[PDB]
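File shown here: query-v7.txt, holding compact mmCIF, C-alpha atoms.
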# COMPACT_ATOMS: atom_id res chain seq x y z
CA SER A 1 88.81 87.15 61.44
CA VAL A 2 89.03 88.98 64.77
CA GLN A 3 91.49 91.44 63.23
CA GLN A 4 89.21 92.04 60.23
CA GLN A 5 86.34 92.61 62.68
CA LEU A 6 88.25 95.24 64.69
CA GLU A 7 89.26 96.96 61.46
CA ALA A 8 85.62 97.08 60.31
CA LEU A 9 84.62 98.45 63.70
CA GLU A 10 87.21 101.22 63.59
CA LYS A 11 86.53 102.23 60.00
CA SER A 12 82.91 103.10 60.69
CA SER A 13 83.63 104.55 64.12
CA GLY A 14 84.98 107.99 63.23
CA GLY A 15 88.00 107.50 65.49
CA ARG A 16 91.08 105.53 66.42
CA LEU A 17 90.74 102.24 68.30
CA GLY A 18 93.32 100.59 70.52
CA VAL A 19 92.92 97.05 71.90
CA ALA A 20 95.13 94.72 73.89
CA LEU A 21 93.77 91.46 75.29
CA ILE A 22 95.98 89.08 77.25
CA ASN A 23 94.77 85.48 77.68
CA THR A 24 96.48 84.20 80.85
CA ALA A 25 95.76 80.58 79.86
CA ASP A 26 98.67 80.68 77.42
CA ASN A 27 99.82 84.29 77.49
CA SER A 28 98.49 84.72 73.92
CA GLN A 29 97.48 88.22 72.85
CA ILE A 30 95.01 89.98 70.61
CA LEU A 31 96.44 93.36 69.55
CA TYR A 32 95.11 96.31 67.57
CA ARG A 33 97.15 99.55 67.50
CA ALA A 34 98.41 98.21 70.83
CA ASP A 35 101.77 99.98 70.56
CA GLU A 36 100.20 103.37 69.80
CA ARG A 37 99.88 106.08 72.52
CA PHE A 38 96.50 107.20 73.83
CA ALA A 39 95.55 109.65 76.56
CA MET A 40 94.65 107.50 79.56
CA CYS A 41 92.14 109.92 81.05
CA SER A 42 90.73 108.50 84.34
CA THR A 43 92.13 104.99 83.73
CA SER A 44 95.29 106.52 85.20
CA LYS A 45 93.60 106.46 88.63
CA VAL A 46 94.46 102.75 88.88
CA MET A 47 98.17 103.55 88.90
CA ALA A 48 97.84 106.22 91.61
CA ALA A 49 95.74 103.99 93.87
CA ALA A 50 98.20 101.11 93.40
CA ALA A 51 101.16 103.34 94.27
CA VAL A 52 99.53 104.09 97.62
CA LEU A 53 98.77 100.37 98.14
CA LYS A 54 102.49 99.63 97.59
CA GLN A 55 103.37 102.22 100.27
CA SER A 56 100.93 100.64 102.70
CA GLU A 57 102.79 97.33 102.53
CA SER A 58 105.52 98.91 104.68
CA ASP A 59 103.29 101.26 106.71
CA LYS A 60 100.47 99.44 108.50
CA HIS A 61 98.81 102.71 109.56
CA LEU A 62 98.74 104.34 106.11
CA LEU A 63 95.39 103.19 104.73
CA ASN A 64 93.56 104.47 107.83
CA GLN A 65 95.42 107.82 107.80
CA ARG A 66 93.00 110.80 107.91
CA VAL A 67 92.95 113.29 105.04
CA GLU A 68 91.11 116.59 105.48
CA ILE A 69 88.61 117.49 102.71
CA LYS A 70 87.87 121.14 102.07
CA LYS A 71 85.52 123.03 99.73
CA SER A 72 88.59 124.29 97.87
CA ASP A 73 89.60 120.71 97.07
CA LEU A 74 86.50 120.17 94.96
CA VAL A 75 86.92 120.19 91.19
CA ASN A 76 84.76 119.37 88.15
CA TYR A 77 83.57 115.92 89.26
CA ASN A 78 83.72 114.65 92.89
CA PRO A 79 80.54 112.72 93.86
CA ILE A 80 82.05 111.20 97.03
CA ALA A 81 84.42 113.89 98.36
CA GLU A 82 81.70 116.54 98.21
CA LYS A 83 79.82 114.54 100.83
CA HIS A 84 82.74 114.87 103.26
CA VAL A 85 83.65 118.56 103.07
CA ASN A 86 84.81 119.90 106.49
CA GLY A 87 85.46 116.32 107.61
CA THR A 88 88.02 113.66 106.73
CA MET A 89 88.41 110.61 104.51
CA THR A 90 90.96 107.86 105.01
CA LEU A 91 93.40 107.09 102.17
CA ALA A 92 91.63 103.74 101.77
CA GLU A 93 88.32 105.59 101.34
CA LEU A 94 90.00 107.90 98.79
CA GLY A 95 91.30 104.89 96.86
CA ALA A 96 87.81 103.43 96.84
CA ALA A 97 86.28 106.75 95.76
CA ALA A 98 88.85 107.35 93.02
CA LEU A 99 88.43 103.85 91.57
CA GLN A 100 84.72 103.07 92.06
CA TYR A 101 83.20 106.54 91.37
CA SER A 102 86.05 108.18 89.37
CA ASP A 103 86.20 110.92 92.01
CA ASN A 104 88.63 113.59 90.80
CA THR A 105 89.15 115.09 94.26
CA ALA A 106 90.11 111.66 95.56
CA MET A 107 92.61 111.15 92.74
CA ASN A 108 94.28 114.47 93.50
CA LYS A 109 94.59 113.65 97.20
CA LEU A 110 96.26 110.38 96.27
CA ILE A 111 98.69 112.19 93.94
CA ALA A 112 99.47 114.88 96.57
CA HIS A 113 100.11 112.23 99.22
CA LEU A 114 102.57 110.47 96.91
CA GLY A 115 104.40 113.72 96.11
CA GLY A 116 103.06 114.62 92.67
CA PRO A 117 102.37 113.09 89.24
CA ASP A 118 106.05 112.22 88.67
CA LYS A 119 105.90 109.88 91.66
CA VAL A 120 103.12 107.89 90.01
CA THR A 121 105.33 107.56 86.90
CA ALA A 122 108.23 106.30 89.01
CA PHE A 123 105.94 103.68 90.57
CA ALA A 124 104.88 102.49 87.09
CA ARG A 125 108.54 102.26 86.13
CA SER A 126 109.29 100.19 89.26
CA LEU A 127 106.79 97.65 87.84
CA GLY A 128 108.73 97.47 84.55
CA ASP A 129 106.26 99.74 82.76
CA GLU A 130 108.46 101.89 80.56
CA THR A 131 105.52 103.46 78.69
CA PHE A 132 103.22 104.98 81.29
CA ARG A 133 103.59 108.67 82.12
CA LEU A 134 101.49 110.88 84.41
CA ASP A 135 102.11 114.61 83.97
CA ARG A 136 99.12 116.45 85.41
CA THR A 137 96.46 116.25 88.10
CA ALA A 138 92.71 115.95 87.62
CA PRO A 139 90.85 117.19 85.60
CA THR A 140 93.47 118.63 83.22
CA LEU A 141 94.91 115.15 82.56
CA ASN A 142 91.82 114.60 80.39
CA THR A 143 92.57 117.13 77.63
CA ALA A 144 93.53 114.17 75.39
CA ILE A 145 94.93 116.36 72.58
CA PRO A 146 96.01 114.30 69.50
CA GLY A 147 99.79 113.77 69.52
CA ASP A 148 100.23 115.19 73.02
CA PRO A 149 102.40 112.73 75.00
CA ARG A 150 101.21 113.97 78.39
CA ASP A 151 99.28 111.50 80.53
CA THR A 152 99.47 108.70 77.95
CA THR A 153 100.33 105.03 77.60
CA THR A 154 99.79 102.24 75.08
CA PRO A 155 97.13 99.54 75.22
CA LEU A 156 99.70 96.72 75.51
CA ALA A 157 101.76 98.42 78.22
CA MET A 158 98.63 99.06 80.28
CA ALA A 159 97.32 95.54 79.83
CA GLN A 160 100.71 94.09 80.92
CA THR A 161 100.82 96.36 83.99
CA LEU A 162 97.16 95.70 84.94
CA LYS A 163 97.87 91.96 84.78
CA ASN A 164 100.94 92.42 86.98
CA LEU A 165 98.91 94.55 89.40
CA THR A 166 95.81 92.31 89.71
CA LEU A 167 97.03 88.75 88.99
CA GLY A 168 100.81 88.96 89.14
CA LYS A 169 103.88 90.11 90.93
CA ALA A 170 103.45 93.88 91.55
CA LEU A 171 101.73 93.99 94.97
CA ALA A 172 101.65 92.03 98.23
CA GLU A 173 98.80 89.58 98.57
CA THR A 174 96.46 91.63 100.82
CA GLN A 175 96.93 94.77 98.69
CA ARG A 176 96.48 92.86 95.42
CA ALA A 177 93.16 91.52 96.72
CA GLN A 178 92.15 95.09 97.74
CA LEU A 179 92.84 96.43 94.26
CA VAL A 180 90.80 93.56 92.78
CA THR A 181 87.99 94.23 95.26
CA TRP A 182 87.95 97.89 94.29
CA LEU A 183 87.90 97.22 90.51
CA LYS A 184 85.10 94.64 90.86
CA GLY A 185 83.00 97.22 92.73
CA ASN A 186 83.36 99.90 90.09
CA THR A 187 80.05 101.63 89.43
CA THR A 188 80.94 103.63 86.29
CA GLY A 189 81.56 100.92 83.64
CA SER A 190 78.15 99.32 82.92
CA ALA A 191 77.97 100.48 79.32
CA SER A 192 81.63 99.88 78.38
CA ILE A 193 83.55 96.52 78.38
CA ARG A 194 81.00 94.93 80.74
CA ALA A 195 78.22 95.39 78.18
CA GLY A 196 80.09 93.25 75.61
CA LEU A 197 80.50 90.26 77.96
CA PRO A 198 78.32 87.36 79.09
CA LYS A 199 76.28 88.72 81.99
CA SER A 200 77.53 86.28 84.65
CA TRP A 201 81.25 86.72 84.02
CA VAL A 202 82.96 88.36 86.97
CA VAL A 203 84.62 91.65 86.00
CA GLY A 204 86.58 94.49 87.55
CA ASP A 205 87.36 97.62 85.54
CA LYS A 206 88.27 101.31 85.46
CA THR A 207 86.80 103.73 82.92
CA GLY A 208 88.07 107.05 81.67
CA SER A 209 86.57 109.73 79.45
CA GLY A 210 87.90 113.09 78.27
CA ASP A 211 88.06 115.55 75.37
CA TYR A 212 88.44 114.54 71.71
CA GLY A 213 85.73 111.98 72.44
CA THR A 214 88.33 109.92 74.28
CA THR A 215 86.64 106.86 75.74
CA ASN A 216 88.58 104.24 77.60
CA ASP A 217 88.15 101.18 79.80
CA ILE A 218 90.62 98.68 81.32
CA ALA A 219 89.41 95.37 82.80
CA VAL A 220 90.26 92.04 84.41
CA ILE A 221 87.82 89.30 83.46
CA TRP A 222 87.18 85.95 85.15
CA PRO A 223 85.20 83.54 82.91
CA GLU A 224 83.30 80.64 84.57
CA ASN A 225 85.47 77.83 83.15
CA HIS A 226 88.66 79.51 81.94
CA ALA A 227 91.72 81.43 83.11
CA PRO A 228 91.38 85.20 83.46
CA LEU A 229 91.48 87.72 80.65
CA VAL A 230 93.01 91.19 80.83
CA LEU A 231 91.56 93.71 78.39
CA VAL A 232 92.35 97.33 77.51
CA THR A 233 90.10 99.20 75.09
CA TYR A 234 91.07 102.78 74.23
CA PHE A 235 89.32 105.04 71.73
CA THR A 236 89.84 108.67 70.62
CA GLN A 237 88.56 111.01 67.87
CA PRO A 238 89.90 113.90 65.75
CA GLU A 239 87.61 116.73 66.93
CA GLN A 240 87.77 118.27 70.39
CA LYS A 241 84.05 118.24 71.28
CA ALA A 242 83.30 114.78 69.84
CA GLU A 243 80.82 112.74 71.91
CA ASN A 244 82.23 109.91 74.00
CA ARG A 245 81.57 106.39 72.65
CA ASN A 246 81.25 103.66 75.29
CA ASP A 247 79.40 101.58 72.68
CA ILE A 248 82.62 101.12 70.73
CA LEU A 249 84.33 99.63 73.81
CA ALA A 250 81.46 97.19 74.37
CA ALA A 251 81.65 96.15 70.71
CA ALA A 252 85.42 95.61 70.81
CA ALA A 253 85.07 93.54 73.99
CA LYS A 254 82.43 91.34 72.33
CA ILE A 255 84.63 90.84 69.27
CA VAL A 256 87.76 89.77 71.16
CA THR A 257 86.07 87.60 73.81
CA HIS A 258 83.90 85.84 71.21
CA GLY A 259 83.36 82.08 71.47
CA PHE A 260 85.73 82.01 74.42

Can you present the structure in this file as structure tokens?
Amino acid sequence: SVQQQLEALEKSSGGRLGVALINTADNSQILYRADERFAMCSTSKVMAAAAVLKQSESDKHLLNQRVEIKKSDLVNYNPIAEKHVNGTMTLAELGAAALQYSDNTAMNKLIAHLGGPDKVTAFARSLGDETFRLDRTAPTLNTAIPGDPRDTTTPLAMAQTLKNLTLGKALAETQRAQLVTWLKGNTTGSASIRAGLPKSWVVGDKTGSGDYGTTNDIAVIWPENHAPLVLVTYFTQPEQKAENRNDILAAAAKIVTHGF
């Protein structure tokens, strides 16, 4: 069965697998360790970008607001912001950069605009997400130490919230469409969930990778002849310098979207 397949996948993997799939046709779920906490790593960037989108609903000038980028703002991984040092980027452009290129500088600018990590947590709570917590900025939010509660959530909680964000009640229509547009245009997720799906299915996703071989992806999936699917695949390992394992995410995705 699907459960037996996920079990067999995890047992050979050398780590701990978390899966939550929501089928919006009938709200049915496929769950594996879905109530267990995992370090989000860069999948947390979705929540920060969405918090700014929510603000923009009541401030029509916000998304085009200029943000100065400086050399000092650059951190371990910032492919887009490094192009704009000495100039500016709009908050919209920073959302796009954070979500589609996993730009760490962009993420931090979004957090600083909002007033710090705790403000991203409060936003998640306003959406009925009682699990999500953001504690640190980038890149330290990727330390993914086993048993550390900082910057974690559960697969189910994140799947529920991603559904609410992309297909449900969380955002205004224009902003919801913008989030969906951003996720669909992600460039960093080829080898993760996307690689376990039929090639012509439309997909939006956000990856995240960190220490302890922590390898994550969260996605919204639109089949050709069926209602959407929301999928969270989280994976983490016992040793600090373990290699990341996108291949496990692709394999989980294939297992739980089988036949369907």

task: Grab the atom CA of residue 178 of chain A to atom CA of residue 235 of chain A distance for me, in Å with one decimal place.
output: 28.0 Å

task: One decimal, Å: what's the distance from atom CA of residue 40 of chain A over to atom CA of residue 10 of chain A, could you say?
output: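 Computing it gives 18.7 Å between the two atoms.
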
field: Non-local contacts of segment 103-109 of chain A (9 Å; all atoms listed in the file; under 2 positions in same chain excluded) as number ranges by chain
entry: A: 42, 45, 48-49, 67, 69, 73-82, 91, 93-101, 111-114, 116, 137-139

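Taking all atoms listed in the file into account, residue 155 of chain A lies nearest to A:132 out of the set A:182, A:132, A:123, A:212.
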
- prompt: What gap, in Å, lies between atom CA of residue 83 of chain A and atom CA of residue 183 of chain A?
  reply: 21.7 Å
